[PDB]
Structure formats: C-alpha cells, structure tokens
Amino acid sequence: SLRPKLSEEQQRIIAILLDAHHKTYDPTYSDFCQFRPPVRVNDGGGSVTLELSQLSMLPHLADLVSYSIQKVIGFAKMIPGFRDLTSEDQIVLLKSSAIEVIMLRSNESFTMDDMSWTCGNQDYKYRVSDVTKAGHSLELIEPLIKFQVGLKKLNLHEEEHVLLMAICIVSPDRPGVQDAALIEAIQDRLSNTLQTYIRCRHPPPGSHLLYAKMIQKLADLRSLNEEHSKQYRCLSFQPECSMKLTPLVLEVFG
C-alpha cells in the first residue's frame, strides 16, 4: 500500500553499489583470454572416470572462479558498512558467500537463448557439459540451471541485482561470525533499501511479491553452496587436483 520515497541515504547506497558493480564486473569478459585455456575432451557419454582422469575444463573454470572471487572481494569492500566490520568478520562473510555471489553475478552472462553462460565466442561459451568436465555432477548442475532460469525470469533491475548480491554477502547467519548484530544491522539497511526501491520503482506485474521471490533465491543459494561444497570435497581427492586450482580457490573451498 504505502510507497515511501527512497531516502537520500538509500539513493546513495544504490549509487555506490551500482558503481561498485560496474567497476568489478566487465560485461565484455575481456580478461578471460588470460586464464589457462579451456579444453573440452570428447565425453559425450558423461563418463565420471574420464572426467576425473582429465578434469580438462578445471584449470580454466578454476581461473574464472578465482578471478571472480577477487572481483567479489572488491565489490564487497565497497558495500556501505562492510568496512565497519572487523577484518575477521569480513573474511568469514567473503569465504562463506563467494560461491553464492559467483552464481548470482553469473546470471548476467547466462542466456536462456541456449541455456549457457555466453562470455564470447565458442571458446568462452560455458554449458552444463563443461561443468561436468570440471569434475561436478548433475546433483549440482541441475539445480544450478534451474536457479539461473528462475533468477532470469525475475527480470531484476540492475539496482535490485546489486542489492541482492550485497544482501547475500552481509548475512548474519553465517557460521563463525562474531558480531552478528552489526552484520544484521548492515543487512537490514540494505534490505530496507531493496524493499523501498521495489515498492516505488518496480512497475507491475513483475513487482508482485518480488521481494519474497528474491529472498527465496537467497535460500536457494544456500542449498547450492552446500552441494558445491560436497562435490568440491570429492574433487579434491583426485591426485594432482591442487595444481588445476588456485591458492585462492583452495583456501575459500578447502
């Protein structure tokens, strides 16, 4: 019913987050050619044995995820209030949300045209088959694609997109956080900004219960996070796997 206007502070928060995202997310994916090259072994049969023996796409995807974690760290540091947190809590939040923010931000390259993450020519077009070539199974891939399509269909404004990533990172219910109260205060400031923005800037019918749908996606991410963690564990058992990853990836998921 009531549609209060965005306060000057809330307008500032949105501007800061849009700027932060524009500085940390290259929509041309021009740095991707710097990663170890993607390699696609012939695996039409989806052989787990072959996939683990080769892990052909792991070096490239590990580099992409590692690169993305660095960008997420940069984005997070610009979130209003994040700097008010202790270094210890900042690191806990970054490590726990990293994979979730990667899944969220990747929605920008994801396309329902062919259900792929298109970041350039054929070489930089990622499909579910590339994820299997990196050692992951359908238990993660299936819900991941469903998540991407569900998020796509929300038709989020960039303002809503960056606020969702910020809310995801600044979550007081992450294991190991010390000052949950401060984190919750910061998240509430971001959540109220999002709710206010939706109610006065998002036209119908796409605004109908949009906030609730966005919050549900954060729950979905928790599930994907746990599943990715389980599979990363299996992946780590493969001899020589560490060399195909990166020090940052090893720390965040190890």
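Numbers follow the displayed sequence, beginning with 1. For clarity, a rigid core is taken as the largest C-alpha set superposing within 1.5 Å between two forms.
Larger root-mean-square CA separation from the shown form, computed after a rigid core fit of the structures in 8 other deposited structures of this protein, is seen for 197 to 205 when 50 to 58 is set against 197 to 205. Between 51 to 59 and 24 to 32, the higher mean Cα B-factor belongs to 51 to 59. In this entry, the higher average B-factor at the C-alpha atoms falls on 117 to 125, of the pair 74 to 82 and 117 to 125. Among 158, 100, 108, 142, the highest C-alpha B-factor in the deposited entry belongs to 142. Within the selection 209, 186, 224, 194, the deposited Cα B-factor values reach their highest point at 209. Placement of the Cα temperature factor of residue 231 within the chain: highest third of the modelled residues, per the deposited record. In the PDB entry, residue 200 places in the highest third of its chain by CA B-factor.
When the modelled residues of the chain are ordered by their C-alpha B factor, residue 243 lands in the highest third. Ranked by Cα temperature factor within the chain, residue 148 sits in the lowest third according to the deposited record. In the PDB entry, residue 214 places in the middle third of its chain by CA B-factor.
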